[PDB]
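Remarks on the structure that follows.
8 protein chains.
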Amino acid sequence: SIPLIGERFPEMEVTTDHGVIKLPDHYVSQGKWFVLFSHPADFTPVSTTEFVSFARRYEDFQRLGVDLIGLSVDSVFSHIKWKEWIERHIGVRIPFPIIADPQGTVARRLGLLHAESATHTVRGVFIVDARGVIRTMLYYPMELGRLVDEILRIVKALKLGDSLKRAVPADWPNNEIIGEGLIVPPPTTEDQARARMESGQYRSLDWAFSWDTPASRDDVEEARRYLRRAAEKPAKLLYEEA
Amino acid sequence: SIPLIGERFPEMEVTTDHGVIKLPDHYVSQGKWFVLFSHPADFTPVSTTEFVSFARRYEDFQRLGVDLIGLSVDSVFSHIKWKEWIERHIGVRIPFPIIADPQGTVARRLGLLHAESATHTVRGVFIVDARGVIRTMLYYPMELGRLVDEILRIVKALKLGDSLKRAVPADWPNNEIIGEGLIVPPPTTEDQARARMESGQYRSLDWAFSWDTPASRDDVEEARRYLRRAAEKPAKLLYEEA
Amino acid sequence: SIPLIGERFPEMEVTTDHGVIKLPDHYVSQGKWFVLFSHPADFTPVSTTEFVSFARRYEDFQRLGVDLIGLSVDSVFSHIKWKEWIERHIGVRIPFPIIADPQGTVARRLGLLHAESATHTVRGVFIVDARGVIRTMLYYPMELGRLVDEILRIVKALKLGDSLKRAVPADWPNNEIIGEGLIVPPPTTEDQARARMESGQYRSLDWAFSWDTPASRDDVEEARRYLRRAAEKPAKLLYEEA
Amino acid sequence: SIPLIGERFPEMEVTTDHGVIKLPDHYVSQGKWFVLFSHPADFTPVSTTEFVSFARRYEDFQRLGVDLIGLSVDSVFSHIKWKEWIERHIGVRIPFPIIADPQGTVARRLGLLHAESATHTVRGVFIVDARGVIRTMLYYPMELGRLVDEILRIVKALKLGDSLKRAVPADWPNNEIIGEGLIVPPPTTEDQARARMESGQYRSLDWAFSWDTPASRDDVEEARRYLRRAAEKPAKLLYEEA
Amino acid sequence: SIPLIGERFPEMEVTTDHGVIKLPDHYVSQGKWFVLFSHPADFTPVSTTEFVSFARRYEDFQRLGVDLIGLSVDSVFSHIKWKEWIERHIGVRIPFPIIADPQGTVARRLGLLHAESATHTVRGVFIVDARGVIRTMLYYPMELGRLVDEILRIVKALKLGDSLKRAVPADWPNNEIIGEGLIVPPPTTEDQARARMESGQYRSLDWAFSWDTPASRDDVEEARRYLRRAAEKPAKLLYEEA
Amino acid sequence: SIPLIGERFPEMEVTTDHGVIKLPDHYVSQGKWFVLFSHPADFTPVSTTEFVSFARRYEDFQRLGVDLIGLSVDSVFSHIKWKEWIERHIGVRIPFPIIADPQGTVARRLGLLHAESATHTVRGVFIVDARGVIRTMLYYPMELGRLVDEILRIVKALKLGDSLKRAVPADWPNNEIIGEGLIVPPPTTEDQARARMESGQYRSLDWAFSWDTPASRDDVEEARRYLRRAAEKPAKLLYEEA
Amino acid sequence: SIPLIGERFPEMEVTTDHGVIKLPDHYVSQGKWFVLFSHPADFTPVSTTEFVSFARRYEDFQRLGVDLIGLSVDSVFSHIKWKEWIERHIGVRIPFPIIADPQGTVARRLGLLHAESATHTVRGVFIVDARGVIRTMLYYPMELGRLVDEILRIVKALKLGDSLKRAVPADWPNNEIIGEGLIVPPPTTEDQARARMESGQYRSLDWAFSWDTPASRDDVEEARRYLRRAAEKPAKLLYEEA
Amino acid sequence: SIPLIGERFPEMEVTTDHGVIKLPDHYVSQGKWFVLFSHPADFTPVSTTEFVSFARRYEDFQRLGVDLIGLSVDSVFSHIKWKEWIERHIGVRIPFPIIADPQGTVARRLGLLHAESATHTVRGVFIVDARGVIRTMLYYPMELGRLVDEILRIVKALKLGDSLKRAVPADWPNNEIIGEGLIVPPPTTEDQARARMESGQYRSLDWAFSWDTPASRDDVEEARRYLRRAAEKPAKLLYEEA
């Protein structure tokens, strides 16, 4: 019953600070991806930096046709107080909803209670496509905040693999073997292995290792932009102007 | 039962292409962290790119005091043929062991059989500390290779949080609020909140949000290096050199 | 529900290095017998000798209307590398498919996990006729290759038995008592025992032991050819021409 | 618990036409191997041909240190009548005992009731070593007699494999690749594979496929004798002196 | 579960040395009573004496409209061998069938496995009328043969009692109180007891004990012939003619 | 459990018109056999004639060291009333006790409730030796009185078999093959069968059929006297002396 | 279901010495009440005295429209014998039937087996009205005979209560407070209580305690007759004319 | 669990309007019998008449060494109000305690809840001796008051039966057969039957029916007084002096 990559997102009605919605239907029916992420508790500092990081990247997620939804065991009233504090003290509207899960119904159903806290959810991330299918899951602990630019690279890389019918190498678009190359799924039969090594259609190392470069310069560079922002020392910290 | 952040890694004897070892004992004995990661099948191309990416970073993992161990349902024989092919055809030695799990016993024990494949493990990652405790868990799918520099960032940041007694903000060491600043865990009582507010000893936005910058230049530059490697187009591609 | 002589081969879809097929239907509806045989692991040396042995005798099986199909817990990728290696280094194509059973689904269903290995199948043999019925079952251990010419003698003897409505004596067609004689099924009633004895139709030792010699010379000599190949020192060892 | 290769032969007291004995203890205490084989019913003609075939080879089994013991659901009285009939009519004394199993207690325990007959046992074979471990198992049907010379070859090849620490290739001692060579068990680690590739102590095709020729002339000629006898038309048939 | 007097004989298909029959329908359809009796084993000497005694009395059973069917755990092959031996060596043909019950299916259904032997049935007798109803059941042990003249008396006595609507006194037709008299079933009410005491219809000791003599001279002399044959030392012994 | 030949008589305390006793202890502890028999109901006419038959035969049972105990569902009060009535109207004392079993505890324990009556026991017979072991069981119906002389023959013959180490042929001591001969237990092994035929100690038909005449003339004539009494017309009927 | 006052008498078919009847149907269909009473065993002396006492009051029961049925575990034959003996030796015919309950089926259903006897029913009384409803239940022990005139007082007093819609005081018709007075069912509401004490319709001690004298002289004398009979020493004892 | 004649009264702690007592120990300890009797509800008219009737016979019960104790589901407060109303309005002190059983705990344990009322207890009577064994149980309904003189007769008759070792006939001491005669327990064995009929110590009708007159003239007249009081039309009704 615990959610697995390849499964449809568990059917459920949830309460947010925007209202009552059905997952994943509410996002499927709009042909949108969504990223559901959880944090241990409202007003906790790592969780605040993470809400700000998501909010700075809102436009980036909207350009990929991805919506954001948060999750904690706090009240809708705590969610509203907290979003008002972020907008007033750091100067950033949190435009996306947070799910209010006080009895841990959503937390338990998605397996978000681990051994570090009996009461507060882990830093779970569920990347869910427009078919409502779980494509990737990450579990960060209390003491460590997420690298949000990796969540963007994942959705970007996944959307390209879907459209170009390709697999995505390690560290794409900066793969040490094939750089921005995308991988052709390997042959699973003797006939297909022979047809692959005879066609000369694709660069190869092997019958099992064929790739080409069918991603646009724009898609490659947008994906590299996300990691560049992750590696850049910030221009001006938001604590200075606060 | 399913492995969770904060639990000791489940006791098990596993067969690797280096021999039989007890997890997590084999690494705890040595005071070493370990990253156990899994891949669907030997000789699959994304998996090849990930093994090369890990092997390129072996030395970076060793300096942090982290050992690596792979996991698929292939035989020790398939593991030895595959590693010799990567060394011969790519010029890269895989120095770390791979667990062989032909009946999916380790796969089932670690819940690495997700819904994309009935027979092959997901791209799972378990980051385990020198005490044998699960600290973080990632689940990438078949079609998407991992960003290994993020795994390095995770270990660096966690080891930093452990020794400096701090929580790590989103996108550390490039957080948009506090940059390379590290967070003081928040008050949990009225007296702690009043004492925090009054002390003046730490930069703060609120009783809940206090930080400082105790990380050495070398600690920060090290984390910065990992993300710069993640963001830069490689100098030359390994497919060209062969 | 574990498999027994006289039972229909268990209904199942299996993945091979030729594609996905339904057993036993794929062979039944072509009007063909199949020998399903299993080996512990791809690249293992006794297993190589046995693939080479089966391949050498491929024409002999096709003359009997028998298809061959292998099984190990290895990937479809390991099968392709393994067969490629045998063809290139020994100089023999393996023309017949191998089932890939990485999670042991097919192994457990056919009882091929014995006590020498928790992970790898015994050297199992299921001889299945054109109706889809198990006719014979052999189980060899890891340390001992099969005598494939006995599998030829068994199919040939069963097919004669079926065709001429006879039973086949020990060591046919070199039985010490009746040589190339085939055996009449014994009477099961007083009346049939009396009739058989007042008959003079067949050579008898007794009302329960009647036989004739209705096998063609071709069929006797073909069966004896299998055994002579088994007894004969080879003219040149394939290791030499490599 | 249906018996498996590498398991201890199930503990049991059985009644034979020589008396009550405990298996496997009665053969283990003598440092003797035993072949337990079963037949459907006393006085059936294939079964008769098989007892004569075993009896003629009895001396061959004795020289290997193998004892024989039969099995049907018939009474000790039927066993005595049948053996006295064979000795009188065919001129061959059956020297080895037969288990009498009227309620099918031993048949059920050993799983020897298959779907050709509700009431009569298949032609099962259990090759058990001097430590009482099941080493090989064969299941022949009602309509097909055994090739007894294969059972001598299995035992000879197993005792060679045990005492020379070797695995036996397909169709030994007439293997098409290495003839009478015995296979050195493959490496299961990177270190062991490189050490074997470097030592040049054995002929090899591969780090996984090393062999030598340590079986004596007598060992090889003995095995070839079994297969030669299986291949040759008998010098004169026994039915002639009825 | 265990069969009782007044119950239909359990529905079953049995295999005999005359072929396959349903009990009790095979006899019910012919209008025939039957006696099913069991013996421990073919070729056992008390069992031989019983078959010979039953054969001797076969005409007597047939005249009563009674067929005989035997039962043991031996094969049809043992049944034909034994009956052949009885005919050649004692000069007596066994005309009736014997059930073959090698897995004790019939024996266990009929409760014929007692504690003298785990594998061989007792000397059970089932007397079944033409409606297929069990009328009487006897159980003799291994060491003691049946008095077959008592089974003829039981059948004759039941048939007389059935047609005359009478009950049959101890030791009929030589009862010490009423001789060859048959008993009127007693009154079960006050009125019936008053009516019997008043009628004058029957010789009475009591309202509960009335009898008349409605059996024919022939019926009584038939029953005396059975007991006469039982008491008299045979004129010549059949061992003398062997 | 339902009682079986070769088992110890079920342990049970019973009430009789002589007092409370344990079975079979009451008779074992005196070194005495017993015949336990059951009748449907006190005052029923067939049951009356059977009590009279047993009483007349009482001295014959005493001479064999056999005690008699009856059984019905009636009261100890009904037993005394019934025995007094038999004594006054037939002039025959019933010397042996009757068990009272009003709730059918004894009836259900000994399986004496068959399908002819839900409330009254069949005419059951249990012949129990001085070790308290059941040697024979008879089940006569409501409508048919027992032949009590066959119960004396059974006990006499069991005691001779026991005392002489012999088995007793059909209809002893008037067996058609060997007359008053007793049978030697058959050989159960090849060596015993060979030694049996080498001996010449016994008249044989066969290695399986040997006999001698070891019973005294007095034992034979006593046995024949029982059957002669059974076959004799009574000299004067007890109803005539009412 | 242990029977309760106010419940319908349990549906059952019972056998008596008059034939087979359905309770309570057989009485309900006549508009008759019935007293079913049980005794431990026929021929027991208290039981004899109770049967005479009931018989003696038969016509009083007939005048009240009440029939009588007895119950013991003895047979119908013991019932007839016993009723004959009472009539012959005491000069009182028992007109009413007795249920025969040999396997204690009726005894168990009605809970008549208490702890003085494991095998004989208590002296139980079920007073059942013309609707088949249990109205009163009495349980006397083995050693104490009933006072039958109290059972007459119960049926008389219930019929007056049902008919005149009244309750009956203790010791009616000689109650110390209101004598032959019958009680008005009390108010169960405040309105009824106030209404009762206003109307002056009835003699009263209290709103809860109201009574009148609606029973006829004849019904009161009858009830006084039953208790006068219970109190008076009989002039002529029945033993004195036996 | 439900209480039976011959069983010890169930162990229980009860609360009464005199305090908390253990039953039956509180009456066993004093060597006293007790009559536990129940009534539906305090203030109900029939129940009032029964309490008055017990209270007026209190002296008689104390002479027999019998204590009285009531039971209803009313509270102790209701018991005290009720007893005080009876004493003030009828002039009769209730000296004995009443059990308060408001959750039906006693009522349920004693089976006092029948189908006439779901909430109120029937008119149960438990007569319990100085060993605390139940000797007699009576169940009267709501609409009908008890005849208390009969409870007196029962205790007297039982006490006499016990000390004179005798059974008590129907309607003692006015039995129609033997008047105040008491009954010798019947013989239960043949020897006891014929000794009884040979002794001549007892007046007899039968071996089963013996009696004498060992009860004192006082004992008989005291028992007869109880029944005379029951039969007497009252001198002065207590309502005429309320």
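Protein chains in written order, with UniProt numbering: chain A, 4 to 245; chain B, 4 to 245; chain C, 4 to 245; chain D, 4 to 245; chain E, 4 to 245; chain F, 4 to 245; chain G, 4 to 245; chain H, 4 to 245. Just so it is clear, CB atoms sit at the ideal spot from N, CA and C, and this is done for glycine as well.
Cβ neighbours of residue i in the same chain (closer than 6 Å, five flanking residues each side left out)
i                      : result
residue 207 of chain C : 213
residue 61 of chain A  : 98
residue 90 of chain E  : 96
residue 215 of chain A : 205
First through last residue of the beta strand (DSSP E) which encompasses residue i
i                      : result
residue 281 of chain B : Residue 281 of chain B falls outside the range modelled here, since chain B spans only 4 to 245, and no answer is possible.
residue 89 of chain G  : Element bounds for residue 89 of chain G: not the beta strand (DSSP E) but the alpha helix (DSSP H), 79-93.
residue 208 of chain D : 206-209
residue 113 of chain D : Careful: residue 113 of chain D lies outside any beta strand (DSSP E), inside the alpha helix (DSSP H) at 108-113.
residue 104 of chain F : Run containing residue 104 of chain F: none; DSSP gives neither H nor E here.
Where residue i falls, given that 16 or more other Cβ within 10 Å makes a residue buried
i                      : result
residue 80 of chain H  : exposed
residue 16 of chain A  : exposed
residue 217 of chain H : exposed
residue 77 of chain F  : buried
Contacts around residue i, its chain only, beta-carbon distance under 8 Å, and the 5 residues preceding and following it disregarded
i                     : result
residue 20 of chain A : 79, 82, 83, 86, 100, 101 and 103
residue 28 of chain B : 14 and 135
Continuous alpha helix (DSSP H) stretch holding residue i: start and end
i                      : result
residue 55 of chain C  : 48-59
residue 196 of chain A : 193-202
residue 226 of chain A : 220-234
residue 17 of chain C  : Taken as a continuous stretch (DSSP letters only), residue 17 of chain C belongs to no alpha helix (DSSP H), being part of the beta strand (DSSP E) at 15-19.
DSSP bridge partner residues for residue i (one or two, in chain order)
i                      : result
residue 141 of chain G : G:128 and H:141
residue 171 of chain F : E:147
residue 182 of chain B : B:178
residue 25 of chain G  : G:16
Cutoff 7 Å; reference residue i; Cβ partners in own chain excluding five residues on either side
i                      : result
residue 156 of chain D : 226, 229 and 230
ask   = Given 8 Å as the limit, is there contact between the segment 128-142 of chain E and the segment 43-58 of chain E, that is, 3 or more CB pairs closer than that?
value = Verdict: no, contact absent.
task = May I ask you to verify whether the segment 222-229 of chain C touches the segment 61-77 of chain D, counting CB pairs closer than 8 Å and requiring at least 3?
result = no
inquiry  = Does the contact criterion of 3 or more C-beta pairs under 8 Å hold for the segment 165-176 of chain F versus the segment 46-60 of chain E?
reply    = yes
task = Decide if the segment 147-167 of chain E is in contact with the segment 121-133 of chain E; the criterion is three or more beta carbon pairs, one per stretch, under 8 Å apart.
result = yes
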